[PDB]
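Enquirer: The structure file entry.csv (CSV, C-alpha atoms and all ligand atoms) is provided below.
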```
chain,number,residue,atom,x,y,z
A,1,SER,CA,0.0,0.0,0.0
A,2,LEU,CA,0.9,3.7,0.2
A,3,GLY,CA,1.7,5.4,3.5
A,4,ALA,CA,4.2,7.8,5.0
A,5,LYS,CA,5.7,5.4,7.6
A,6,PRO,CA,9.3,4.4,7.1
A,7,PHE,CA,10.1,0.7,6.6
A,8,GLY,CA,11.9,-0.9,9.6
A,9,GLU,CA,14.4,0.7,11.9
A,10,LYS,CA,17.3,3.0,11.0
A,11,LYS,CA,20.7,1.4,11.8
A,12,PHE,CA,24.1,3.2,11.9
A,13,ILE,CA,27.6,2.2,11.1
A,14,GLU,CA,31.0,4.1,11.1
A,15,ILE,CA,32.5,4.3,7.6
A,16,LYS,CA,35.7,6.2,6.9
A,17,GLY,CA,35.3,8.2,10.2
A,18,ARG,CA,31.6,9.1,9.4
A,19,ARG,CA,28.3,7.6,10.4
A,20,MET,CA,26.1,6.2,7.7
A,21,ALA,CA,22.5,5.1,8.2
A,22,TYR,CA,20.7,2.2,6.6
A,23,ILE,CA,17.8,-0.2,6.8
A,24,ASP,CA,18.7,-3.9,7.3
A,25,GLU,CA,15.8,-6.3,7.9
A,26,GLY,CA,15.5,-10.0,7.7
A,27,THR,CA,17.9,-12.8,7.0
A,28,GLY,CA,19.4,-14.5,3.9
A,29,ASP,CA,20.7,-13.1,0.7
A,30,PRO,CA,20.4,-9.4,0.3
A,31,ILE,CA,17.9,-7.5,-1.7
A,32,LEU,CA,19.7,-4.1,-1.9
A,33,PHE,CA,17.7,-1.0,-2.7
A,34,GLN,CA,19.6,2.1,-3.6
A,35,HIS,CA,18.0,5.6,-3.8
A,36,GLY,CA,19.5,8.5,-5.7
A,37,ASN,CA,19.0,12.3,-5.7
A,38,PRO,CA,17.4,14.0,-3.7
A,39,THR,CA,15.9,11.0,-1.9
A,40,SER,CA,16.9,8.5,0.8
A,41,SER,CA,16.1,4.9,1.9
A,42,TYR,CA,12.6,6.4,2.5
A,43,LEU,CA,12.0,6.2,-1.2
A,44,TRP,CA,11.6,2.4,-0.9
A,45,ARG,CA,9.4,2.3,2.2
A,46,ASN,CA,6.3,1.0,0.4
A,47,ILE,CA,8.2,-1.3,-1.9
A,48,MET,CA,10.4,-3.2,0.5
A,49,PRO,CA,7.5,-4.9,2.4
A,50,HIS,CA,6.6,-6.9,-0.8
A,51,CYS,CA,9.9,-8.7,-0.4
A,52,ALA,CA,9.3,-9.7,3.2
A,53,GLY,CA,10.8,-13.2,3.9
A,54,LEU,CA,12.5,-13.4,0.5
A,55,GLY,CA,15.9,-12.2,1.7
A,56,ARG,CA,17.8,-9.6,3.8
A,57,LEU,CA,16.2,-6.3,2.9
A,58,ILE,CA,18.7,-3.5,2.8
A,59,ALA,CA,18.4,0.2,1.9
A,60,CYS,CA,21.4,2.6,2.5
A,61,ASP,CA,21.4,6.3,2.9
A,62,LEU,CA,24.1,7.8,0.7
A,63,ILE,CA,26.6,10.0,2.4
A,64,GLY,CA,25.2,13.5,3.2
A,65,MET,CA,21.7,12.2,2.6
A,66,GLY,CA,18.9,10.7,4.7
A,67,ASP,CA,20.3,10.0,8.2
A,68,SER,CA,23.9,9.6,7.0
A,69,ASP,CA,26.5,12.2,8.2
A,70,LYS,CA,27.3,15.3,6.2
A,71,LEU,CA,30.8,15.6,4.9
A,72,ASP,CA,32.8,18.2,6.8
A,73,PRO,CA,34.0,20.5,5.4
A,74,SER,CA,31.5,20.6,2.5
A,75,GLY,CA,32.0,22.7,-0.6
A,76,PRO,CA,31.8,22.7,-4.4
A,77,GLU,CA,34.4,19.9,-4.7
A,78,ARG,CA,32.6,17.5,-2.3
A,79,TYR,CA,30.0,14.8,-3.0
A,80,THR,CA,31.3,13.9,-6.4
A,81,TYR,CA,30.4,10.4,-7.8
A,82,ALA,CA,33.8,9.1,-6.8
A,83,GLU,CA,33.4,10.3,-3.2
A,84,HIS,CA,29.9,8.7,-2.9
A,85,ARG,CA,31.2,5.5,-4.4
A,86,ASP,CA,34.1,5.4,-1.8
A,87,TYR,CA,31.6,5.6,1.0
A,88,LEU,CA,29.0,3.3,-0.5
A,89,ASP,CA,31.6,0.6,-1.5
A,90,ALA,CA,32.9,0.7,2.1
A,91,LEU,CA,29.4,0.5,3.5
A,92,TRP,CA,28.5,-2.5,1.3
A,93,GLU,CA,31.7,-4.2,2.3
A,94,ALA,CA,31.0,-3.6,6.0
A,95,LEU,CA,27.5,-5.1,5.6
A,96,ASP,CA,28.8,-8.6,4.7
A,97,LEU,CA,26.5,-9.0,1.7
A,98,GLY,CA,27.8,-12.4,0.5
A,99,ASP,CA,27.9,-13.5,-3.1
A,100,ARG,CA,24.2,-13.7,-4.2
A,101,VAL,CA,23.0,-10.0,-4.1
A,102,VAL,CA,19.9,-8.7,-5.8
A,103,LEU,CA,20.2,-5.0,-6.6
A,104,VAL,CA,17.2,-2.7,-6.9
A,105,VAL,CA,18.3,0.7,-8.3
A,106,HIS,CA,17.0,4.2,-9.3
A,107,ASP,CA,18.5,7.4,-10.5
A,108,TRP,CA,22.0,7.9,-9.0
A,109,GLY,CA,21.5,4.6,-7.2
A,110,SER,CA,21.6,3.0,-10.7
A,111,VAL,CA,24.9,4.7,-11.6
A,112,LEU,CA,26.4,3.5,-8.3
A,113,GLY,CA,24.6,0.1,-8.5
A,114,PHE,CA,25.4,-0.7,-12.2
A,115,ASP,CA,29.0,0.3,-11.6
A,116,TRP,CA,29.3,-1.8,-8.4
A,117,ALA,CA,27.7,-4.7,-10.2
A,118,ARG,CA,30.2,-4.5,-13.0
A,119,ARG,CA,33.0,-4.5,-10.5
A,120,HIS,CA,31.5,-7.4,-8.5
A,121,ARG,CA,29.8,-9.3,-11.2
A,122,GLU,CA,30.4,-12.7,-9.5
A,123,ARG,CA,28.4,-11.6,-6.5
A,124,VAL,CA,25.3,-10.3,-8.4
A,125,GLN,CA,22.3,-12.6,-8.7
A,126,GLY,CA,20.0,-10.1,-10.4
A,127,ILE,CA,19.5,-6.5,-11.2
A,128,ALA,CA,16.1,-4.7,-11.0
A,129,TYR,CA,16.2,-1.1,-12.3
A,130,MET,CA,13.9,1.8,-13.1
A,131,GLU,CA,14.3,5.4,-14.2
A,132,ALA,CA,18.0,4.7,-14.4
A,133,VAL,CA,21.1,6.0,-16.2
A,134,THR,CA,21.5,3.2,-18.7
A,135,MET,CA,24.4,4.8,-20.6
A,136,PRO,CA,26.1,8.2,-20.9
A,137,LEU,CA,23.5,10.8,-21.6
A,138,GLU,CA,22.9,13.7,-24.1
A,139,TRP,CA,20.7,16.8,-23.6
A,140,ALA,CA,18.1,15.4,-25.9
A,141,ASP,CA,17.5,12.5,-23.4
A,142,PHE,CA,16.0,15.0,-21.0
A,143,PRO,CA,12.3,15.8,-21.2
A,144,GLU,CA,12.0,19.3,-22.8
A,145,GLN,CA,10.4,20.6,-19.6
A,146,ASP,CA,13.3,19.6,-17.3
A,147,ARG,CA,16.2,20.3,-19.7
A,148,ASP,CA,16.7,24.0,-18.9
A,149,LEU,CA,16.7,23.5,-15.1
A,150,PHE,CA,19.3,20.8,-15.1
A,151,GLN,CA,21.4,23.0,-17.4
A,152,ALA,CA,21.0,25.7,-14.8
A,153,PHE,CA,22.1,23.4,-12.0
A,154,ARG,CA,25.3,22.9,-14.1
A,155,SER,CA,26.0,26.6,-14.1
A,156,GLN,CA,26.9,29.4,-11.6
A,157,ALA,CA,23.1,29.7,-10.9
A,158,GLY,CA,23.1,26.3,-9.2
A,159,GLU,CA,24.2,27.5,-5.7
A,160,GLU,CA,21.2,29.9,-5.4
A,161,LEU,CA,18.7,27.4,-6.8
A,162,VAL,CA,19.8,24.5,-4.7
A,163,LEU,CA,21.8,25.6,-1.6
A,164,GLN,CA,19.8,28.7,-1.0
A,165,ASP,CA,16.3,27.7,-2.3
A,166,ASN,CA,16.3,23.9,-2.1
A,167,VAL,CA,15.0,23.6,-5.6
A,168,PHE,CA,15.9,19.9,-6.1
A,169,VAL,CA,13.9,18.8,-3.0
A,170,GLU,CA,11.1,21.3,-3.2
A,171,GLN,CA,10.5,21.6,-7.0
A,172,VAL,CA,12.1,18.8,-8.9
A,173,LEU,CA,11.0,16.0,-6.6
A,174,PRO,CA,7.3,16.8,-6.4
A,175,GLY,CA,7.3,17.9,-10.1
A,176,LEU,CA,8.3,14.4,-11.1
A,177,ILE,CA,5.7,12.5,-9.1
A,178,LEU,CA,2.2,12.2,-10.5
A,179,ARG,CA,0.2,11.9,-7.3
A,180,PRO,CA,0.2,14.7,-4.6
A,181,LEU,CA,2.6,14.0,-1.7
A,182,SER,CA,1.3,14.2,1.9
A,183,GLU,CA,2.7,16.7,4.5
A,184,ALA,CA,4.5,13.8,6.2
A,185,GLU,CA,6.0,12.5,3.0
A,186,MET,CA,7.5,15.9,2.1
A,187,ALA,CA,8.6,16.3,5.7
A,188,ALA,CA,10.6,13.1,5.4
A,189,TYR,CA,12.2,14.2,2.1
A,190,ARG,CA,12.9,17.7,3.4
A,191,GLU,CA,14.4,16.6,6.7
A,192,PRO,CA,18.1,16.1,5.7
A,193,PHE,CA,18.0,19.4,3.9
A,194,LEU,CA,16.1,21.8,6.3
A,195,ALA,CA,19.1,24.1,6.6
A,196,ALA,CA,20.2,26.4,3.8
A,197,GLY,CA,23.8,26.1,2.6
A,198,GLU,CA,26.2,23.1,2.6
A,199,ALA,CA,23.6,20.7,4.1
A,200,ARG,CA,22.0,20.8,0.6
A,201,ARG,CA,25.3,20.3,-1.3
A,202,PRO,CA,24.7,16.7,-2.2
A,203,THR,CA,21.5,17.7,-4.1
A,204,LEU,CA,23.6,20.2,-6.3
A,205,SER,CA,26.8,18.1,-6.6
A,206,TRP,CA,24.6,15.3,-8.0
A,207,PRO,CA,23.2,17.1,-11.1
A,208,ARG,CA,26.7,18.5,-11.7
A,209,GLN,CA,28.0,14.9,-11.9
A,210,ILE,CA,25.4,13.5,-14.4
A,211,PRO,CA,27.3,12.1,-17.4
A,212,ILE,CA,25.9,14.4,-20.1
A,213,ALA,CA,27.4,15.4,-23.5
A,214,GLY,CA,30.8,13.9,-22.3
A,215,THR,CA,31.1,15.7,-18.9
A,216,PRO,CA,32.3,14.9,-16.3
A,217,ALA,CA,34.7,12.6,-18.1
A,218,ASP,CA,35.2,10.2,-15.3
A,219,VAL,CA,31.5,9.5,-14.7
A,220,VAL,CA,31.0,9.2,-18.5
A,221,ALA,CA,33.7,6.5,-18.7
A,222,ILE,CA,32.1,4.6,-15.7
A,223,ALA,CA,28.7,4.7,-17.4
A,224,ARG,CA,30.2,3.7,-20.8
A,225,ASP,CA,31.9,0.8,-19.1
A,226,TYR,CA,28.8,-0.5,-17.4
A,227,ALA,CA,26.6,0.1,-20.5
A,228,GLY,CA,28.8,-2.2,-22.5
A,229,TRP,CA,28.9,-4.8,-19.8
A,230,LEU,CA,25.2,-4.8,-19.1
A,231,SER,CA,24.5,-5.2,-22.8
A,232,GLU,CA,26.4,-8.5,-22.8
A,233,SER,CA,25.9,-9.8,-19.2
A,234,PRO,CA,23.6,-12.9,-18.8
A,235,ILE,CA,22.7,-11.8,-15.2
A,236,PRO,CA,18.9,-11.8,-14.9
A,237,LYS,CA,17.4,-8.3,-15.1
A,238,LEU,CA,14.1,-6.6,-14.3
A,239,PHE,CA,13.4,-3.4,-16.2
A,240,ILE,CA,10.5,-1.4,-14.7
A,241,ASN,CA,9.5,0.9,-17.4
A,242,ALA,CA,7.4,4.0,-16.6
A,243,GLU,CA,4.6,5.9,-18.4
A,244,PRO,CA,5.1,8.7,-19.1
A,245,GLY,CA,8.5,8.1,-17.5
A,246,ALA,CA,11.2,10.8,-17.6
A,247,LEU,CA,14.8,9.6,-17.8
A,248,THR,CA,14.5,6.0,-19.1
A,249,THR,CA,12.6,6.7,-22.4
A,250,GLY,CA,13.5,7.2,-26.0
A,251,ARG,CA,17.2,6.5,-26.9
A,252,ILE,CA,18.3,5.3,-23.5
A,253,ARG,CA,15.3,2.9,-23.1
A,254,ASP,CA,15.9,1.7,-26.7
A,255,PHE,CA,19.4,0.8,-25.4
A,256,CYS,CA,18.4,-0.9,-22.1
A,257,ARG,CA,15.8,-2.9,-24.0
A,258,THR,CA,18.7,-4.6,-25.8
A,259,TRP,CA,20.0,-6.1,-22.5
A,260,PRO,CA,20.0,-9.9,-22.4
A,261,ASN,CA,17.9,-12.0,-20.0
A,262,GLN,CA,15.6,-9.2,-19.1
A,263,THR,CA,11.9,-9.1,-18.0
A,264,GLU,CA,10.0,-5.9,-18.4
A,265,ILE,CA,6.8,-4.4,-17.0
A,266,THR,CA,5.4,-0.8,-17.4
A,267,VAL,CA,4.0,1.2,-14.4
A,268,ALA,CA,2.5,4.7,-14.0
A,269,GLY,CA,5.0,7.4,-13.1
A,270,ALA,CA,7.4,10.1,-14.2
A,271,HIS,CA,10.8,9.9,-12.4
A,272,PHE,CA,10.3,9.1,-8.8
A,273,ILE,CA,7.9,6.2,-9.8
A,274,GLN,CA,8.2,4.6,-6.3
A,275,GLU,CA,5.7,7.3,-5.1
A,276,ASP,CA,3.2,6.5,-7.9
A,277,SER,CA,3.3,2.7,-8.3
A,278,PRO,CA,4.9,1.2,-5.2
A,279,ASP,CA,2.7,-1.9,-5.1
A,280,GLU,CA,3.1,-2.7,-8.8
A,281,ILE,CA,6.9,-2.2,-8.4
A,282,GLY,CA,7.1,-4.2,-5.2
A,283,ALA,CA,5.1,-7.1,-6.6
A,284,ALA,CA,7.3,-7.2,-9.7
A,285,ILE,CA,10.5,-7.2,-7.7
A,286,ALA,CA,9.1,-9.9,-5.3
A,287,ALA,CA,8.2,-12.2,-8.3
A,288,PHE,CA,11.7,-11.6,-9.9
A,289,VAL,CA,13.3,-12.6,-6.6
A,290,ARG,CA,11.1,-15.7,-6.2
A,291,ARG,CA,12.2,-16.9,-9.6
A,292,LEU,CA,15.9,-16.2,-8.8
A,293,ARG,CA,15.5,-17.9,-5.4
A,294,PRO,CA,13.3,-21.1,-5.9
A,301,CA,CA,3.6,16.3,-8.7
A,302,CL,CL,24.7,-18.7,-0.2
A,303,CL,CL,20.8,14.6,-10.1
```
Give the structure from the file, written as structure tokens.
Ligand SMILES: [Ca+2]
Ligand SMILES: [Cl-]
Ligand SMILES: [Cl-]

Expert:
Amino acid sequence: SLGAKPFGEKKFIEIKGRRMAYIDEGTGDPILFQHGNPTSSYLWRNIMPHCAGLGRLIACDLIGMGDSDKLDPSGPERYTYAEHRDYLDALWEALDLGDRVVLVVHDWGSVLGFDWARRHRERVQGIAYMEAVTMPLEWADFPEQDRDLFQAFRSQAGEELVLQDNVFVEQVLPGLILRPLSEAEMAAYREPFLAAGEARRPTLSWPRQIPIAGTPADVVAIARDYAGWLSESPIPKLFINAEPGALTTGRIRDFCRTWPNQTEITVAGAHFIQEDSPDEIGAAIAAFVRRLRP
């Protein structure tokens, strides 16, 4: 069902001298849910219950997000993809995930997750993905309505929009969900970002890291790498397509639809489709996992 209640209890672990928060419920092989910008583990709260008893249900808060510590000192050079990956790699190592992991990814969680999967292919039992960066992007991949704003994030105007005015949390997020969010839902999304300034840095550093039109070169290469790999990997995949969708449409959906050993369903949603179709998404992931774990 829907609802504003978080799933399970937030746990904390020290990683590289910082505290990171995560959900870890149940026993067995992990089903690892990874949020992106500007969300947290909370994004998965109505989806994870569908996987009850099918494995160890894990959802991590990226550094500087959710209940994870902020980086100190924060600035325009902090919260790059490389920095997030260092923290997330270390967190996933510390969680003792074993060698039959199911990944469930979205947004930046998909860049992180696809990259991790490429680097740890022997430990990956299945990949479920939605509204994901399937390959390096181009401006024409962005819906016409969102293109200008993301361009503005990647300019000097970004600090005012995001650090001062919290545009990613307050405008982009609700603007890419079809149903109206409740007071409690927006309160949960707002919470890590209540204060103006550096507290909000992760939500600006992220759009500045998106691999678009060849920049930044490091993230482009990482996505080119996992794009080639995923297009050839026989690892079972679940592609949750969205209507109207937002990111994973047109060219980049044409591309991910070439990936082998892949099941597809379509659900209602724009970008943050977890808020529109959590039961359809959860049911599909649960069925995928059941087939992977007979
Ligand atoms: Ca909306
Ligand atoms: Cl095992
Ligand atoms: Cl972003």

Enquirer: Using only C-alpha atoms, can you tell me which of A:169, A:163, A:111, A:132 comes closest to residue 205 in chain A?

Expert: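 Closest to residue 205 in chain A, using only C-alpha atoms: A:163.
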
Enquirer: Within 12 Å of range 97-106 of chain A, which residues of range 33-75 of chain A show up? Give each one with its shortest atom-to-atom distance in Å (one decimal) and the two atoms involved, counting all atoms listed in the file, rows by chain then rising residue number, as a Markdown table.

Expert:
```
| residue | atom | partner | partner_atom | distance |
| --- | --- | --- | --- | --- |
| A:33 | CA | A:104 | CA | 4.6 |
| A:34 | CA | A:105 | CA | 5.1 |
| A:35 | CA | A:106 | CA | 5.8 |
| A:36 | CA | A:106 | CA | 6.1 |
| A:37 | CA | A:106 | CA | 9.1 |
| A:38 | CA | A:106 | CA | 11.3 |
| A:39 | CA | A:106 | CA | 10.1 |
| A:40 | CA | A:106 | CA | 11.0 |
| A:41 | CA | A:105 | CA | 11.2 |
| A:43 | CA | A:106 | CA | 9.7 |
| A:44 | CA | A:104 | CA | 9.7 |
| A:47 | CA | A:104 | CA | 10.4 |
| A:48 | CA | A:104 | CA | 10.1 |
| A:51 | CA | A:102 | CA | 11.4 |
| A:54 | CA | A:102 | CA | 10.8 |
| A:55 | CA | A:102 | CA | 9.2 |
| A:56 | CA | A:97 | CA | 9.0 |
| A:57 | CA | A:102 | CA | 9.8 |
| A:58 | CA | A:97 | CA | 9.6 |
| A:59 | CA | A:104 | CA | 9.3 |
| A:60 | CA | A:105 | CA | 11.4 |
```

Enquirer: CA of residue 186 in chain A to CA of residue 23 in chain A: how many Å, to one decimal?

Expert: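 For CA of residue 186 in chain A relative to CA of residue 23 in chain A, the distance reads 19.7 Å.
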
Enquirer: I'd like the contact shell of range 133-143 of chain A - 6 Å cut-off, all atoms listed in the file, skipping same-chain residues fewer than 3 positions apart - returned as a VMD selection string.

Expert: chain A and resid 146 to 147 211 to 213 220 223 to 224 227

Enquirer: Those same residues - C-alpha atoms - I'd like them written as a PDB file, in the frame of the given file.

Expert:
```
ATOM      1  CA  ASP A 146      13.300  19.600 -17.300  1.00  0.00           C
ATOM      2  CA  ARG A 147      16.200  20.300 -19.700  1.00  0.00           C
ATOM      3  CA  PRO A 211      27.300  12.100 -17.400  1.00  0.00           C
ATOM      4  CA  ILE A 212      25.900  14.400 -20.100  1.00  0.00           C
ATOM      5  CA  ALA A 213      27.400  15.400 -23.500  1.00  0.00           C
ATOM      6  CA  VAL A 220      31.000   9.200 -18.500  1.00  0.00           C
ATOM      7  CA  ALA A 223      28.700   4.700 -17.400  1.00  0.00           C
ATOM      8  CA  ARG A 224      30.200   3.700 -20.800  1.00  0.00           C
ATOM      9  CA  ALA A 227      26.600   0.100 -20.500  1.00  0.00           C
TER      10      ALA A 227
END
```

Enquirer: Here is a test: counting all atoms listed in the file, which residue of A:207, A:64, A:192, A:109 is nearest to ligand CL 303 (chain A)?

Expert: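 The answer is A:207, which sits nearest to ligand CL 303 (chain A).
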
Enquirer: Which is closest to ligand CL 302 (chain A) among A:125, A:3, A:280, A:112, if we use all atoms listed in the file?

Expert: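 Checking each candidate against ligand CL 302 (chain A), we get A:125 as the closest.
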
Enquirer: Find the distance between CA of residue 241 in chain A and CA of residue 107 in chain A and write it in Å to one decimal.

Expert: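 One can read the CA of residue 241 in chain A to CA of residue 107 in chain A distance as 13.1 Å.
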
Enquirer: Using all atoms listed in the file, find each protein or nucleic acid residue lying at most 12 Å from ligand CA 301 (chain A); present the set as a compact mmCIF listing (two decimals) with C-alpha atoms, in the frame of the given file.

Expert:
```txt
# COMPACT_ATOMS: atom_id res chain seq x y z
CA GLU A 170 11.10 21.30 -3.20
CA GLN A 171 10.50 21.60 -7.00
CA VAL A 172 12.10 18.80 -8.90
CA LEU A 173 11.00 16.00 -6.60
CA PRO A 174 7.30 16.80 -6.40
CA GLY A 175 7.30 17.90 -10.10
CA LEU A 176 8.30 14.40 -11.10
CA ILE A 177 5.70 12.50 -9.10
CA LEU A 178 2.20 12.20 -10.50
CA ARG A 179 0.20 11.90 -7.30
CA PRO A 180 0.20 14.70 -4.60
CA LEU A 181 2.60 14.00 -1.70
CA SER A 182 1.30 14.20 1.90
CA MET A 186 7.50 15.90 2.10
CA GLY A 269 5.00 7.40 -13.10
CA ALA A 270 7.40 10.10 -14.20
CA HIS A 271 10.80 9.90 -12.40
CA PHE A 272 10.30 9.10 -8.80
CA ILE A 273 7.90 6.20 -9.80
CA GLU A 275 5.70 7.30 -5.10
CA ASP A 276 3.20 6.50 -7.90
```

Enquirer: I'd like to know which of A:124, A:52, A:230, A:238 is closest to ligand CL 302 (chain A), using all atoms listed in the file.

Expert: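 Under the stated criterion, the closest residue is A:124.
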
Enquirer: Using only C-alpha atoms and all ligand atoms, which of A:247, A:71, A:196, A:4 sits nearest ligand CL 303 (chain A)?

Expert: A:247

Enquirer: Given only C-alpha atoms as the basis, pick out the residue of A:89, A:148, A:25, A:225 nearest to residue 118 in chain A.

Expert: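 Among the listed residues, A:225 lies closest to residue 118 in chain A.
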
Enquirer: May I ask for the distance between CA of residue 168 in chain A and CA of residue 219 in chain A, given in Å to one decimal place?

Expert: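 Between CA of residue 168 in chain A and CA of residue 219 in chain A the gap works out to 20.6 Å.
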
Enquirer: Which neighbours of residue 91 in chain A fall inside 9 Å, counting all atoms listed in the file, when residues of the same chain fewer than 4 positions from it are skipped, and could you give them as a list in words?

Expert: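 Contacts, with the query itself left out: residues 13, 14, 15, 20, 60, 86, 87 and 95 of chain A.
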
Enquirer: Is there a way to get, as a CSV table (one decimal) with C-alpha atoms, in the coordinates of the input, all residues within 9 Å of the point (18.1, 10.4, 8.0) in file coordinates, counting all atoms listed in the file?

Expert:
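Below is the file out-v3.csv, written as the result:
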```
chain,number,residue,atom,x,y,z
A,10,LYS,CA,17.3,3.0,11.0
A,21,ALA,CA,22.5,5.1,8.2
A,22,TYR,CA,20.7,2.2,6.6
A,40,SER,CA,16.9,8.5,0.8
A,41,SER,CA,16.1,4.9,1.9
A,42,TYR,CA,12.6,6.4,2.5
A,61,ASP,CA,21.4,6.3,2.9
A,65,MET,CA,21.7,12.2,2.6
A,66,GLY,CA,18.9,10.7,4.7
A,67,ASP,CA,20.3,10.0,8.2
A,68,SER,CA,23.9,9.6,7.0
A,69,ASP,CA,26.5,12.2,8.2
A,188,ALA,CA,10.6,13.1,5.4
A,191,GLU,CA,14.4,16.6,6.7
A,192,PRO,CA,18.1,16.1,5.7
```

Enquirer: Place a sphere of radius 12 Å on (27.5, -9.8, -21.6) in the file coordinates and name every protein, DNA or RNA residue with an atom inside or on its surface, counting only C-alpha atoms; give the answer as a list in words.

Expert: residues 118, 121, 225, 226, 227, 228, 229, 230, 231, 232, 233, 234, 235, 236, 258, 259, 260 and 261 of chain A

Enquirer: Please write a file for range 58-74 of chain A, taken from the block I just shared, that holds N, CA and C atoms and is laid out as a PDB file, in the first residue's frame.

Expert:
```
ATOM      1  N   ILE A  58      17.746  -4.495   2.439  1.00  0.00           N
ATOM      2  CA  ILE A  58      18.711  -3.461   2.789  1.00  0.00           C
ATOM      3  C   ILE A  58      18.482  -2.203   1.957  1.00  0.00           C
ATOM      4  N   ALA A  59      18.512  -1.043   2.612  1.00  0.00           N
ATOM      5  CA  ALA A  59      18.415   0.232   1.907  1.00  0.00           C
ATOM      6  C   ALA A  59      19.304   1.248   2.610  1.00  0.00           C
ATOM      7  N   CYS A  60      20.362   1.683   1.927  1.00  0.00           N
ATOM      8  CA  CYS A  60      21.364   2.566   2.530  1.00  0.00           C
ATOM      9  C   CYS A  60      21.093   4.020   2.198  1.00  0.00           C
ATOM     10  N   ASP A  61      21.364   4.905   3.156  1.00  0.00           N
ATOM     11  CA  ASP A  61      21.351   6.346   2.905  1.00  0.00           C
ATOM     12  C   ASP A  61      22.737   6.765   2.409  1.00  0.00           C
ATOM     13  N   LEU A  62      22.811   7.311   1.193  1.00  0.00           N
ATOM     14  CA  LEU A  62      24.081   7.823   0.661  1.00  0.00           C
ATOM     15  C   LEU A  62      24.655   8.881   1.594  1.00  0.00           C
ATOM     16  N   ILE A  63      25.978   9.045   1.575  1.00  0.00           N
ATOM     17  CA  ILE A  63      26.616  10.030   2.436  1.00  0.00           C
ATOM     18  C   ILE A  63      26.030  11.428   2.184  1.00  0.00           C
ATOM     19  N   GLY A  64      25.822  12.176   3.263  1.00  0.00           N
ATOM     20  CA  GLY A  64      25.214  13.506   3.190  1.00  0.00           C
ATOM     21  C   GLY A  64      23.713  13.499   2.949  1.00  0.00           C
ATOM     22  N   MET A  65      23.122  12.313   2.858  1.00  0.00           N
ATOM     23  CA  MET A  65      21.694  12.190   2.570  1.00  0.00           C
ATOM     24  C   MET A  65      21.007  11.329   3.617  1.00  0.00           C
ATOM     25  N   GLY A  66      19.678  11.401   3.664  1.00  0.00           N
ATOM     26  CA  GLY A  66      18.906  10.684   4.678  1.00  0.00           C
ATOM     27  C   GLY A  66      19.436  10.981   6.072  1.00  0.00           C
ATOM     28  N   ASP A  67      19.680   9.923   6.843  1.00  0.00           N
ATOM     29  CA  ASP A  67      20.260  10.044   8.183  1.00  0.00           C
ATOM     30  C   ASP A  67      21.772   9.812   8.240  1.00  0.00           C
ATOM     31  N   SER A  68      22.422   9.742   7.079  1.00  0.00           N
ATOM     32  CA  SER A  68      23.879   9.636   7.020  1.00  0.00           C
ATOM     33  C   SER A  68      24.532  10.988   7.293  1.00  0.00           C
ATOM     34  N   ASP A  69      25.714  10.966   7.906  1.00  0.00           N
ATOM     35  CA  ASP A  69      26.459  12.185   8.226  1.00  0.00           C
ATOM     36  C   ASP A  69      26.740  13.041   7.001  1.00  0.00           C
ATOM     37  N   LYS A  70      26.769  14.352   7.215  1.00  0.00           N
ATOM     38  CA  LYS A  70      27.293  15.269   6.216  1.00  0.00           C
ATOM     39  C   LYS A  70      28.816  15.161   6.195  1.00  0.00           C
ATOM     40  N   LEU A  71      29.399  15.424   5.031  1.00  0.00           N
ATOM     41  CA  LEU A  71      30.839  15.566   4.903  1.00  0.00           C
ATOM     42  C   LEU A  71      31.213  16.926   5.462  1.00  0.00           C
ATOM     43  N   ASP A  72      32.323  16.971   6.181  1.00  0.00           N
ATOM     44  CA  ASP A  72      32.800  18.191   6.816  1.00  0.00           C
ATOM     45  C   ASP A  72      34.295  18.280   6.540  1.00  0.00           C
ATOM     46  N   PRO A  73      34.757  19.374   5.909  1.00  0.00           N
ATOM     47  CA  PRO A  73      34.019  20.528   5.391  1.00  0.00           C
ATOM     48  C   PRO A  73      33.438  20.275   4.000  1.00  0.00           C
ATOM     49  N   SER A  74      32.189  20.689   3.799  1.00  0.00           N
ATOM     50  CA  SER A  74      31.531  20.571   2.502  1.00  0.00           C
ATOM     51  C   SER A  74      31.770  21.804   1.644  1.00  0.00           C
TER      52      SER A  74
END
```
